[PDB]
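Okay, so here's the structure we're looking at.
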Amino acid sequence: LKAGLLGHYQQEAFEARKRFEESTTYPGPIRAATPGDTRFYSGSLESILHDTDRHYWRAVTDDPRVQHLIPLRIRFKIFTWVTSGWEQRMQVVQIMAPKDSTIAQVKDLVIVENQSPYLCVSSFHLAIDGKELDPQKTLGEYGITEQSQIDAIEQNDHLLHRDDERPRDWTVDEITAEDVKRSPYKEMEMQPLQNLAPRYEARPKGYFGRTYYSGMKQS
Amino acid sequence: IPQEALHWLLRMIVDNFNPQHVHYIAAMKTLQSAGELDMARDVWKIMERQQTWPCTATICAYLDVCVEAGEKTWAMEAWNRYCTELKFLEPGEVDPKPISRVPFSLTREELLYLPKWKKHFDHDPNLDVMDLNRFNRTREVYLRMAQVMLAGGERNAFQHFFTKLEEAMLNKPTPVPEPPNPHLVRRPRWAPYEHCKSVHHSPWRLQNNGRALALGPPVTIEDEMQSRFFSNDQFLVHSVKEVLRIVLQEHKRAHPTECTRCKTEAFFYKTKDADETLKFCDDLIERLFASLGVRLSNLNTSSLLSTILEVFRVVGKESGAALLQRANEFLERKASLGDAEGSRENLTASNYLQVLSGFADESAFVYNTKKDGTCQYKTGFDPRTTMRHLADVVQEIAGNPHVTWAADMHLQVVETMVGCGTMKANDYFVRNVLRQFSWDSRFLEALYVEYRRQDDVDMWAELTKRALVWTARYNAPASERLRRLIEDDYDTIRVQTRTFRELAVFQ
Amino acid sequence: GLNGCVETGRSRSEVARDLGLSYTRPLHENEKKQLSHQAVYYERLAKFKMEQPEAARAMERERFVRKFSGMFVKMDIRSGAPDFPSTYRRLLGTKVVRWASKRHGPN
Amino acid sequence: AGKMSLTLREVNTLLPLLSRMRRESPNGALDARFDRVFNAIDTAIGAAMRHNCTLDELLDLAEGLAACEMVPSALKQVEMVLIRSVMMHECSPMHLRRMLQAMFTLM
Amino acid sequence: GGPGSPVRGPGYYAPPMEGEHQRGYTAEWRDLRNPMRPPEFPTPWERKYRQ
Amino acid sequence: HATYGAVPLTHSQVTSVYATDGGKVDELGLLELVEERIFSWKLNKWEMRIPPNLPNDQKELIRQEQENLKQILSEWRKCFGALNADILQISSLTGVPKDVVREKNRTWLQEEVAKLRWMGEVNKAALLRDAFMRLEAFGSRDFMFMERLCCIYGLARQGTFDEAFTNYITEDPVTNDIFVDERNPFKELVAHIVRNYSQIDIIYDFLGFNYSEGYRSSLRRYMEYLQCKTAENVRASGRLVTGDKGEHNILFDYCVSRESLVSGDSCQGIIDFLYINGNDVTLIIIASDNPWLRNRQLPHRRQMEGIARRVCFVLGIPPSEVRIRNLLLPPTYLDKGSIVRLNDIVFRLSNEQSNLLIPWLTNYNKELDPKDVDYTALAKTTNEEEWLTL
Amino acid sequence: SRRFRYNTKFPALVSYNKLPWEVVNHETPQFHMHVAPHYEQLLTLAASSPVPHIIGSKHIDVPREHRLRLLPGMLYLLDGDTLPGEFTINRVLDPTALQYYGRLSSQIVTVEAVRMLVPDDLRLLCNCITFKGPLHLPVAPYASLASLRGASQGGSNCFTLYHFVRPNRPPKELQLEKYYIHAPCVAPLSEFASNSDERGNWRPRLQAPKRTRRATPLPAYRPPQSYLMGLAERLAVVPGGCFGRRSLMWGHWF
Amino acid sequence: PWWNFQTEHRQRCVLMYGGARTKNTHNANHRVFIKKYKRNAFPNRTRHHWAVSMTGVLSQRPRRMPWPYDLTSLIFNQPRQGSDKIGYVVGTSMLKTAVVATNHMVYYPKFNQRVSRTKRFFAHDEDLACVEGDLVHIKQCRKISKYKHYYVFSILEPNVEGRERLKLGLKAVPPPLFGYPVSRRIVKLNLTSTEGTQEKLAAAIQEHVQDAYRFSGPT
RNA sequence: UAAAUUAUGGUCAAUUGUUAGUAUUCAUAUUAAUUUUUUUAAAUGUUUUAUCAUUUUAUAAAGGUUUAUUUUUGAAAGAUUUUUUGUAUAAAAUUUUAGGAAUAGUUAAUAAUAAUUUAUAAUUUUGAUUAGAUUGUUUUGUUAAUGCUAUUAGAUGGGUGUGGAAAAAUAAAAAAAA
Ligand SMILES: [Mg+2]
Ligand SMILES: [Mg+2]
């Protein structure tokens with residue numbers, strides 16, 4: 001295009017802007033929508049092994065990954081061996097259940113986050129003060145809070161056959177590890193990376209030798 | 001070397017990139033994990049000289065470094081520069097803030113009339129500070145500020161910060177925790193080539209696989225969640241735990257010869273400033289029990305109990321049976337304030353680890369003193385009573401199947417059986433720790449003393465050589481201290497503990 | 001929704017997609033036929049694979065034999081090139097007689 | 001993320017499910033998790049008005065928008081394709097009853 | 001010169017430029033053949049080297 | 001910093017929020033303490049002070065106002081640093097104690113300069129003389145006092161600066177006790193400003209600090225305040241203020257000259273206020289930022305004669321003694337000379353009785369900016385004209 | 001286009017379930033190589049800690065339609081040699097296949113019979129091993145094997161293990177890694193506890209005795225007389241071809 | 001002394017190859033062109049080669065070079081050359097592909113002038129919003145199709161008349177009446193009746209037979 | 001059409017060779033001769049190993065002809081860690097013909113690896129495809145010259161799916177695991 005008509009267009013680009021701020025009336029601050037992902041990354045094509053649905057840098061955490069959680073601790077009747085014999089004690093399993101979850105989902109969260117081979121071994125039932133809980137009801141329908149004492153009464157004659165097809169760290173962004181081995185609430189945020197290797201620059205761009213005249217910085 | 005963690009930040013700025021807050025957080029955490037605190041403060045000075053206002057996570061990462069260093073001046077400068085306007089969450093406010101900054105875009109007019117320096121967008125970390133302070137991490141700032149004033153010795157400022165933290169955790173709601181960010185790594189989605197060797201791939205030893213941990217853990221973990229996912233009363237319990245941990249850290253810093261394993265006579269007895277320290281710890285524990293009522297029955301107190309036991313083991317020189325009695329009284333007090341018939345919880349592995357460490361500190365000794373071969377013990381040390389109190393405790397832990405044993409739990413038992421002089425620690429190491437654990441070399445650093453007390457010298461020699469073959473077979477290399485222990489008896493045993501290559505290099 | 005995002009690098013379409021806005025020109029009948037006949041062939045081919053297994057199996061087996069036995073099945077820089085008659089144009093006269101021309105698009 | 005795009009059949013399948021999830025909520029409205037769901041519906045409607053649509057898909061779309069109370073961002077092309085559908089020979093009084101009930105529940 | 005060459009314009013005469021290229025080719029680019037003044041530093045490193 | 005839900009404050013919520021009672025509050029000491037807290041900041045303390053949930057034009061006006069406050073406070077910081085440097089230089093060259101430098105004399109300066117020149121130090125004598133000569137004009141403790149008070153009132157007016165003056169960690173200077181102080185000197189100082197200075201918003205807008213709506217409403221409130229203290233029997237209906245003595249004391253708010261002046265139209269003469277004082281008529285006009293509209297804003301001689309004849313028709317005042325005069329005011333602020341000419345012309349007040357009615361007028365030191373030559377030429381050609389007699 | 005969605009890096013690969021060289025056949029001794037060290041570590045666990053569902057009173061009665069879905073991967077111990085119905089009994093008499101139970105039969109319960117049960121549909125194996133009590137390991141009273149008559153007593157002593165697997169799978173199928181909890185044995189520490197009368201009979205050794213004599217010297221090193229393969233510290237050979245590290249060479253001819 | 005860029009290029013060649021250049025490259029040789037074909041019977045239809053043709057993409061005369069100073073360099077700060085471009089939409093006959101005509105400058109130093117050449121690109125628009133006549137701003141991206149490595153980043157000016165013509169059911173732009181011909185022979189349009197097409201066909205085939213008689217040449 | 005204002009009370013110059021750099025010989029300079037010089041005749045030993053095998057050893061020429069170019073995650077470097085994981089396969093851009101016209105295993109979409117479908121598809125008079133000539137390269141030469149004139153870095157879809165990568169039928173070193 002003809003570049004000599006640019007700056008005059010810039011004057012019009014001033015005068016269209018200053019009219020637009022003066023003509024219309026702003027009603028109010030519009031809420032910020034969560035930005036999606038673009039499929040137009042630069043360079044060569046990536047593989048499906050590394051397609052993580054994020055091709056830019058966003059340093060902030062938006063609303064779809066934010067969950068409202070309750071630290072629900074659920075008790076189990078266990079038996080320990082002392083010098084006399086068996087003694088009945090209590091083993092506590094703590095989970096982070098969402099506020100809008102049902103009691104069957106709380107039971108599944110206890111199943112997938114106990115990581116103990118002696119606790120969730122048979123079909124158990126959640127109860128509060130002996131009264132059993134309906135698994136098709138929400139936690140808000142029973143008024144269950146962090147201080148609500150929930151017990152798990154087992155029926156040891158049965159055998160719990162579970163199918164852990166859902167990963168332990170499953171959020172809406174669909175990014176889960178295969179060697180995860182721990183609930184995401186228990187693992188630390190930042191740790192040292194032992195699997196990778198530190199690599200330095202071995203390919204010089206323009207400067208190779210004796211006298212740095214220009215360094216070929218245009219390249 | 002850890003200096004590269006400072007180097008790759010600097011090359012980030014030479015190559016004209018703006019380092020984000022995650023880079024400063026990762027650099028300070030990596031340099032604090034290697035014990036380089038001045039390099040972490042240099043990372044903080046690099047962040048300040050780039051004119052970057054830090055978020056609350058970067059403030060907390062700096063505050064962890066300056067509570068580990070015990071420098072109150074650094075935290076007071078950081079406080080007066082950044083954290084004077086931090087507030088706790090109110091019941092009227094929304095628990096997450098909305099996203100304030102719309103992403104950077106240009107219209108058809110702003111593309112033309114603006115200059116090229118206004119249309120340029122580098123990822124400046126000062127633009128998204130209010131969107132990184134979205135989740136209200138004020139309590140972990142105030143807890144670290146209460147830690148640094150206790151570490152520096154300021155009681156009034158620590159009392160002010162802890163009183164503000166206590167009133168905020170008793171009268172204000174719990175903020176929404178920040179979810180973890182999985183976009184910080186470039187890991188693949190799945191394993192590209194599924195091939196996994198068996199656990200018994202080697203016919204000589206049991207090895208760990210990528211599918212399952214079959215050798216057992218070497219170090220016990222607390223098995224708790226992060227500090228942000230806690231509730232307010234749980235964060236108050238965690239706050240008391242962290243204040244006691246800083247008490248223990250400053251006690252180990254002030255008296256370094258009385259807190260490690262013996263190496264001198266002064267380890268066995270209490271220092272002069274231990275009783276007021278235990279009085280302050282008991283006053284803090286009773287303040288926690290007075291603030292929280294029956295709600296403390298519905299909270300996880302395993303890390304708090306383990307920290308109480310290590311405070312009353314290292315600072316106050318208590319026996320292991322006294323630690324078990326204090327832990328049982330703590331659990332009965334917690335189970336009794338529920339005002340029901342209830343059922344008490346058991347001690348965890350981290351709670352039993354401090355009881356076994358107290359039992360190992362009872363039987364600990366100063367090896368190879370001035371009398372040339374006589375180990376000096378504690379005054380009034382009874383090996384029979386300590387061993388009888390160790391054995392029923394070990395049977396109590398083994399009766400509970402929900403306590404997962406680890407190598408550091410067996411290490412205190414081996415050191416207790418070595419220090420009691422029962423000559424049965426090697427059989428326990430063979431039966432329980434040898435073939436089915438990833439044991440480090442310091443096990444043998446106890447066991448060589450058990451090898452030293454044999455009748456004939458040839459039994460000592462053959463047991464030392466068999467320990468060296470055990471270091472070869474189970475892939476546990478001999479430490480420098482074990483090789484220096486076998487070095488000192490070369491005139492008697494004549495066991496060579498250095499290679500043929502290292503001596504020719506050394507001379 | 002007429003301006004792309006400079007920060008995230010999203011296109012003009014993706015910014016309007018994240019705002020719930022629809023900018024689409026009024027299509028002709030062939031342009032609606034292009035977007036309407038995508039599911040019809042899938043519902044035809046899936047019904048063929050469900051209804052005639054003895055013919056779909058033979059077609060898929062012959063297609064796999066033609067794919068597997070090919071000479072240029074090794075992933076290389078020659079096979080990975082987007083425009084083979086334009087990048088490797090000196091082979092079109094004396095070596096490769098498949099493409100009779102070296103220019104098919106604007107490049 | 002732009003990996004997939006919803007046609008009118010996926011919207012007509014998702015809207016009764018989201019209305020059934022709205023009726024089971026304690027509040028009358030749905031959670032804030034589904035604001036990206038409805039937005040994914042909101043671009044899917046305004047594009048589908050530029051394509052060809054049968055009468056039954058428009059009826060199911062109007063009944064789905066009336067079931068879970070959501071006004072789309074376009075709202076004018078949908079009324080244009082409802083104006084284009086009332087005088088058809090395919091149109092039944094059941095169809096006009098569904099359309100008028102859905103437009104009264106929306107407007 | 002294009003790839004790997006720091007020359008940005010012709011030595012003596014050029015086709016007419018506009019905008020920042022007009023300010024660059026006549027005033028602001030490097031020139032080591034200047035016998036009076038070296039190519040100038042960015043601000044404020046030119047005020048203290050005036051003499 | 002900025003919170004989700006923070007809003008900018010007007011004067012009513014400022015006097016409602018900081019409504020505390022205090023007795024014998026030191027204005028200069030708390031002013032110096034709050035400014036010492038301000039000068040100890042960095043530029044990063046000025047970044048996140050705009051509330052997010054606002055329209056973009058309001059956010060831009062708030063950003064312009066905060067940048068004006070920041071640059072005026074930085075200019076006063078450099079002036080105060082130069083002041084302390086000159087006081088330290090005089091106390092080091094002379095040898096006098098530092099506390100008595102501000103109460104020294106010119107004969108004492110002559111004696112000290114002659115003593116420094118007698119010993120053979122003409123460089124130090126010239127430095128002492130120049131430091132004292134630039135210290136007599138700047139060295140008072142209340143030098144930009146109304147400007148600094150309006151800056152602190154603007155910092156309270158933003159609404160996001162009130163928490164930035166507390167929760168600091170200090171040391172006791174005598175016992176070295178590290179503590180956290182919760183005393184807010186900004187709140188006490190702005191409470192004393194709110195309680196004592198009843199017209200702090202008028203001085204705040206008159207100095208050119210208000211970027212949102214300007215100083216026009218403050219000018220109207222100032223004029224009706226000065227009319228209610230001179231006519232003393234005042235009724236006010238909407239935009240009309242009238243004295244009921246039979247003698248004509250009328251203030252009429254006609255229109256706003258900023259929104260009414262449409263660019264690109266041919267209509268000569270749009271005024272802001274119309275004041276009839278006895279036999280005199282004044283068309284009080286605030287000038288525009290457009291220099292191509294200032295020639296259109298002033299009315300014609302024929303239009304002024306028509307306004308005077310309309311006054312003769314409606315008030316029954318004889319056309320022998322009727323005088324109408326234009327008045328031009330600066331666009332974005334209001335300097336001292338314009339207020340002096342306003343009190344001379346439209347209220348018929350001298351300097352001493354206006355200082356008796358208005359206490360803060362004596363310390364009002366705003367002058368015309370030198371960057372505007374067109375307004376100064378137009379105001380010189382306008383304010384020096386005789387009263388147009390019909 | 002369809003060609004320009006991703007690159008050709010990391011394509012879809014054929015799984016190991018359909019490769020004959022990666023699939024372990026049960027008629028070979030390599031089936032009993034992978035599965036025998038998993039039994040000797042499970043019986044070490046069952047004798048030291050109570051495992052919940054390792055010992056039943058009968059065979060688990062799943063329906064015939066749910067038999068192939070639920071049973072593979074499941075293990076339980078029963079008392080006596082009673083085999084499940086709808087299975088063909090194939091006794092393992094091969095000495096190449098029975099040699100991998102050598103540590104299981106010596107250091108733990110004596111292996112009497114190893115049987116492979118193949119059903120009518122040939123899709124669900126069952127590896128039946130008959131042990132004869134008592135255990136050579138000390139059994140805790142709280143352990144699971146204390147609830148077994150054949151394990152606690154010293155026809156009445158026989159008990160059988162049952163391990164259900166699928167016939168032609170890679171050897172990652174026949175893995176039991178949920179039983180690798182390392183529970184301690186308190187047999188050397190039961191002597192010194194309060195429950196024993198031997199607690200006052202042992203004498204502690206707090207100091208080392210005074211050594212008048214040094215250690216016995218080794219016999220005179222005779223160098224070998226055969227042709228050696230070379231330096232094992234640079235042929236990457238482990239210190240005997242068996243174990244150790246190549247950087248720490250020991251136990252060879254020099 | 002201040003060395004020029006040729007000293008730095010010679011230094012690079014010496015450090016790479018060990019020596020700068022083998023001398024005596026000119027050789028003053030007389031390149032003789034000998035003719036083989038007939039006078040007007042060269043075997044080509046457009047360009048008939050009858051002289052020594054120089055070979056070289058940038059080492060020929062009159063010399064060209066790319067001129068990097070244009071409207072695009074004035075507006076966009078580019079990470080590399082050709083990253084951002086601004087052009088006009090000329091064709092939307094393909095789905096999700098806008099044909100964008102853009103311009104660049106090529107400089108002739110002999111005549112000291114810059115001339116604007118035109119390059120056509122295929123860009124991607126997913127929601128089908130680009131109409132023929134839009135001033136668009138396109139950016140480089142990954143390979144989308146065989147000839148699509150650009151995408152429409154922004155529509156800087158929409159064609160309102162094209163959208164209003166598409167609302168009317170007409171084409172976006174009325175199609176041109178001129179274009180490319182099919183042969184060098186003058187394409188005559190046939191205006192004949194239903195019955196008079198056979199004699200017109202006979203005249204056309206007789207004209208083709210005369211054009212084939214032109215092969216014989218003389219007589 | 002402002003109309004000759006009146007101490008003329010300060011004259012005494014310039015040159016001391018120290019310079020902000022394309023400068024022009026229509027007859028002189030570049031080419032071959034009066035002069036060139038000096039050799040070269042193939043038929044060939046890379047090495048370690050566990051021995052009829054296995055481990056390491058990836059750009060020779062002529063021919064055919066190219067608008068352009070580079071970097072392997074895989075082998076090594078390389079470390080008391082470890083997953084054949086450590087972003088290589090892309091873009092802009094610039095060729096010539098004394099007698100100037102058509103081209104296609106074709107363009108885009110795609111639930112489509114391995115396209116039974118859809119489309120008013122794609123290149124080209126701003127010079128395409130083919131045919132001719134043809135490695136390119138501010139490196140050469142000349143001049144006052146942004147002019148004219150030269151070039152020898154290279155690559156190589158059916159020889160073997162081996163190998164990380166075909167570059168593999170031959171190279172005075174690139175010293176190739178004591
Ligand atoms: Mg390697
Ligand atoms: Mg189709």
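As shown in the structure tokens, the chain order sets the letters A, B, ...; within each chain, residues go from 1, and ligands are also counted from 1 in the order they appear.
Listed by chain and then residue number, the contacts of ligand 1 are residues 74, 75, 76, 77 and 78 of chain I (distance at most 9 Å, using only C-alpha atoms (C1' of nucleotides) and all ligand atoms).
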Please determine the contact residues of chain E with respect to chain H at a cut-off of 10 Å, counting only C-alpha atoms, and supply them as a count of residues only. 21
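For residue 402 of chain B, the set of protein, DNA and RNA residues having any atom at most 10 Å away, when counting only C-alpha atoms (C1' of nucleotides) and skipping those fewer than 4 positions along the same chain, is residues 78, 79, 80, 91, 116, 117, 118 and 119 of chain A; 346, 347, 348, 349, 397 and 398 of chain B; 49 of chain G.
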Name the residues, by chain letter and number, that sit within 10 Å of ligand 2 using only C-alpha atoms (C1' of nucleotides) and all ligand atoms, and give them as a ChimeraX atom specification. /C:32-42 /I:109-110,117-119
Quick one: write out the picked residues with N, CA, C and O atoms (P, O5', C5', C4', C3', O3' and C1' of nucleotides) as a PDB file, in the first residue's frame?
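The new file result_13.pdb reads:
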ATOM      1  N   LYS C  32     -23.771 -23.093   2.150  1.00  0.00           N
ATOM      2  CA  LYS C  32     -24.496 -23.868   3.149  1.00  0.00           C
ATOM      3  C   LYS C  32     -24.446 -25.357   2.842  1.00  0.00           C
ATOM      4  O   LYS C  32     -24.490 -26.179   3.763  1.00  0.00           O
ATOM      5  N   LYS C  33     -24.352 -25.719   1.559  1.00  0.00           N
ATOM      6  CA  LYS C  33     -24.204 -27.119   1.175  1.00  0.00           C
ATOM      7  C   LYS C  33     -22.843 -27.670   1.585  1.00  0.00           C
ATOM      8  O   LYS C  33     -22.716 -28.870   1.854  1.00  0.00           O
ATOM      9  N   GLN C  34     -21.820 -26.813   1.633  1.00  0.00           N
ATOM     10  CA  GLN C  34     -20.503 -27.258   2.079  1.00  0.00           C
ATOM     11  C   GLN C  34     -20.480 -27.580   3.566  1.00  0.00           C
ATOM     12  O   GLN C  34     -19.788 -28.513   3.984  1.00  0.00           O
ATOM     13  N   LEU C  35     -21.226 -26.833   4.373  1.00  0.00           N
ATOM     14  CA  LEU C  35     -21.262 -27.057   5.811  1.00  0.00           C
ATOM     15  C   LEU C  35     -22.393 -27.977   6.241  1.00  0.00           C
ATOM     16  O   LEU C  35     -22.431 -28.383   7.407  1.00  0.00           O
ATOM     17  N   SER C  36     -23.312 -28.313   5.337  1.00  0.00           N
ATOM     18  CA  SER C  36     -24.425 -29.194   5.655  1.00  0.00           C
ATOM     19  C   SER C  36     -24.175 -30.648   5.287  1.00  0.00           C
ATOM     20  O   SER C  36     -24.788 -31.534   5.892  1.00  0.00           O
ATOM     21  N   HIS C  37     -23.301 -30.918   4.322  1.00  0.00           N
ATOM     22  CA  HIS C  37     -23.073 -32.270   3.836  1.00  0.00           C
ATOM     23  C   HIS C  37     -21.881 -32.944   4.500  1.00  0.00           C
ATOM     24  O   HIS C  37     -21.418 -33.979   4.013  1.00  0.00           O
ATOM     25  N   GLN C  38     -21.368 -32.379   5.592  1.00  0.00           N
ATOM     26  CA  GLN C  38     -20.255 -33.010   6.292  1.00  0.00           C
ATOM     27  C   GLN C  38     -20.718 -34.203   7.117  1.00  0.00           C
ATOM     28  O   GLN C  38     -20.026 -35.224   7.178  1.00  0.00           O
ATOM     29  N   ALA C  39     -21.884 -34.094   7.755  1.00  0.00           N
ATOM     30  CA  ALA C  39     -22.399 -35.183   8.572  1.00  0.00           C
ATOM     31  C   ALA C  39     -23.109 -36.248   7.752  1.00  0.00           C
ATOM     32  O   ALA C  39     -23.221 -37.387   8.216  1.00  0.00           O
ATOM     33  N   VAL C  40     -23.574 -35.903   6.548  1.00  0.00           N
ATOM     34  CA  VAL C  40     -24.314 -36.850   5.719  1.00  0.00           C
ATOM     35  C   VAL C  40     -23.404 -37.970   5.235  1.00  0.00           C
ATOM     36  O   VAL C  40     -23.781 -39.149   5.256  1.00  0.00           O
ATOM     37  N   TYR C  41     -22.176 -37.632   4.832  1.00  0.00           N
ATOM     38  CA  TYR C  41     -21.250 -38.667   4.392  1.00  0.00           C
ATOM     39  C   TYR C  41     -20.752 -39.511   5.558  1.00  0.00           C
ATOM     40  O   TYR C  41     -20.473 -40.700   5.376  1.00  0.00           O
ATOM     41  N   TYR C  42     -20.658 -38.933   6.758  1.00  0.00           N
ATOM     42  CA  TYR C  42     -20.283 -39.733   7.920  1.00  0.00           C
ATOM     43  C   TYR C  42     -21.388 -40.711   8.291  1.00  0.00           C
ATOM     44  O   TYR C  42     -21.115 -41.879   8.592  1.00  0.00           O
TER      45      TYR C  42
ATOM     46  P     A I 109      -8.241 -26.010   4.531  1.00  0.00           P
ATOM     47  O5'   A I 109      -9.730 -26.547   4.715  1.00  0.00           O
ATOM     48  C5'   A I 109     -10.756 -25.696   5.201  1.00  0.00           C
ATOM     49  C4'   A I 109     -12.128 -26.296   5.010  1.00  0.00           C
ATOM     50  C3'   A I 109     -12.467 -27.492   5.876  1.00  0.00           C
ATOM     51  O3'   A I 109     -12.813 -27.128   7.199  1.00  0.00           O
ATOM     52  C1'   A I 109     -13.211 -27.867   3.659  1.00  0.00           C
ATOM     53  P     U I 110     -12.027 -27.768   8.442  1.00  0.00           P
ATOM     54  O5'   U I 110     -12.543 -29.272   8.486  1.00  0.00           O
ATOM     55  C5'   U I 110     -13.929 -29.568   8.564  1.00  0.00           C
ATOM     56  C4'   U I 110     -14.213 -30.959   8.065  1.00  0.00           C
ATOM     57  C3'   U I 110     -13.431 -32.064   8.749  1.00  0.00           C
ATOM     58  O3'   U I 110     -13.989 -32.449   9.992  1.00  0.00           O
ATOM     59  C1'   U I 110     -13.340 -32.369   6.406  1.00  0.00           C
ATOM     60  P     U I 117     -17.034 -39.581  -4.142  1.00  0.00           P
ATOM     61  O5'   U I 117     -17.693 -38.831  -2.902  1.00  0.00           O
ATOM     62  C5'   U I 117     -19.088 -38.914  -2.655  1.00  0.00           C
ATOM     63  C4'   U I 117     -19.517 -37.918  -1.608  1.00  0.00           C
ATOM     64  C3'   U I 117     -19.473 -36.458  -2.027  1.00  0.00           C
ATOM     65  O3'   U I 117     -20.659 -36.078  -2.698  1.00  0.00           O
ATOM     66  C1'   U I 117     -18.501 -36.733   0.129  1.00  0.00           C
ATOM     67  P     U I 118     -20.634 -34.958  -3.844  1.00  0.00           P
ATOM     68  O5'   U I 118     -20.436 -33.597  -3.046  1.00  0.00           O
ATOM     69  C5'   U I 118     -21.432 -33.120  -2.156  1.00  0.00           C
ATOM     70  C4'   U I 118     -20.961 -31.882  -1.444  1.00  0.00           C
ATOM     71  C3'   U I 118     -20.515 -30.755  -2.351  1.00  0.00           C
ATOM     72  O3'   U I 118     -21.600 -30.002  -2.853  1.00  0.00           O
ATOM     73  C1'   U I 118     -18.917 -31.070  -0.636  1.00  0.00           C
ATOM     74  P     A I 119     -21.702 -29.708  -4.423  1.00  0.00           P
ATOM     75  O5'   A I 119     -20.844 -28.381  -4.604  1.00  0.00           O
ATOM     76  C5'   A I 119     -21.083 -27.257  -3.773  1.00  0.00           C
ATOM     77  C4'   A I 119     -19.899 -26.325  -3.734  1.00  0.00           C
ATOM     78  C3'   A I 119     -19.217 -26.040  -5.057  1.00  0.00           C
ATOM     79  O3'   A I 119     -19.924 -25.113  -5.860  1.00  0.00           O
ATOM     80  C1'   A I 119     -17.588 -26.437  -3.395  1.00  0.00           C
TER      81        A I 119
END
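Using only C-alpha atoms (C1' of nucleotides), the contacts of residue 40 of chain E at a cut-off of 10 Å, with sequence neighbours closer than 4 positions omitted, comprise residues 28, 29, 30, 31, 45, 46, 49 and 50 of chain E.
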Using N, CA and C atoms, can you write the selected residues to a file as a compact mmCIF listing (two decimals), in the first residue's frame?
# COMPACT_ATOMS: atom_id res chain seq x y z
N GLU E 28 19.63 9.49 12.83
CA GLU E 28 19.75 8.65 14.02
C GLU E 28 20.54 7.36 13.83
N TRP E 29 20.94 7.01 12.62
CA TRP E 29 21.67 5.76 12.45
C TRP E 29 23.15 5.96 12.77
N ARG E 30 23.87 4.85 12.84
CA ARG E 30 25.30 4.88 13.13
C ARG E 30 26.07 5.47 11.96
N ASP E 31 27.20 6.11 12.28
CA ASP E 31 28.09 6.66 11.26
C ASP E 31 29.48 6.77 11.89
N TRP E 45 23.73 9.14 28.78
CA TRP E 45 25.15 8.89 28.65
C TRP E 45 25.81 9.78 27.61
N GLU E 46 25.09 10.77 27.08
CA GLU E 46 25.67 11.73 26.15
C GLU E 46 25.96 13.08 26.78
N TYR E 49 29.58 13.09 28.43
CA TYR E 49 30.66 12.93 27.47
C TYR E 49 30.57 13.97 26.36
N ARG E 50 30.12 15.18 26.72
CA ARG E 50 29.96 16.24 25.73
C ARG E 50 31.31 16.80 25.30
